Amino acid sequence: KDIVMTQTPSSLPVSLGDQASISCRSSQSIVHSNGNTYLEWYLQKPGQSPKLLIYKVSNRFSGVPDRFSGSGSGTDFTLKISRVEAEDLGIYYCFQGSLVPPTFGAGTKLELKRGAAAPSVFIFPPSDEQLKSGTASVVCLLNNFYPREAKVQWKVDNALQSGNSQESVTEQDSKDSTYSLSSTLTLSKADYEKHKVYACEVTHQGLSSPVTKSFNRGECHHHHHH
């Protein structure tokens, strides 16, 4: 009646030319009462609609390369890509249309594997213009790193922040396959001027130890200010 499709893994880093395997397990039998199993695989590339790859568990849709194959026994199903090409990158979805409501897996993002790369880290104090409006945004930038996993911690006068920041991450870059990330700490002007030292500490596999970028508010020099 209510089928959950458990699709694994959620992301799959692969080298071009390598074999890739994606599994999908249904929470119970998806054999229709007519004996058929309506299991389908879709691929959605960025900026595009999903496209049909395989229907009825193992049938290749017309125009789909034979390097794609599907199989399935019981409640376990598998999509196999014998040799991954660049155009195969994107998010794969399994789908059962045997029982109502039809349901999708959560998706598997096929990504390009590469060597670890440390981020270049930058910090930006709020602009004078923004402060005049009563808000302070502090921005921490992580440039060109791999893999995607990174830890960014905001600290204000050594106090660890939580709940007042938001992160944004780019997709894999088309040339070097790295990611970039921005973290924005947002405070009222009043709260921002309550404290002296603003810091973001970055933990990443590419770094031997975490890197910190910081600034001292009210500064950049002078004796007598301003």
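So that there is no doubt, residue numbering starts at 1 and follows the sequence shown.
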Residues of the deposited chain absent from the coordinates between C220 and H221 total 4 to 9
Averaging the C-alpha temperature factors as deposited, the higher value of 103 to 111 versus 126 to 134 falls on 126 to 134
Comparing mean C-alpha B factor in the record for 64 to 72 and 29 to 37, the higher one is 64 to 72
Reading the B-factor column for Cα atoms of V121, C94, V152, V84, the highest value belongs to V84
Chain thirds by Cα B factor, record data; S214 belongs to the middle
Assert third(CA B-factor, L142) within chain per record equals lowest
Of the three thirds of the chain ranked by Cα temperature factor, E201 occupies the lowest
Chain-relative C-alpha B factor for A190 (record values, thirds): the highest
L12: CA temperature factor from the record, placed by chain third, in the middle
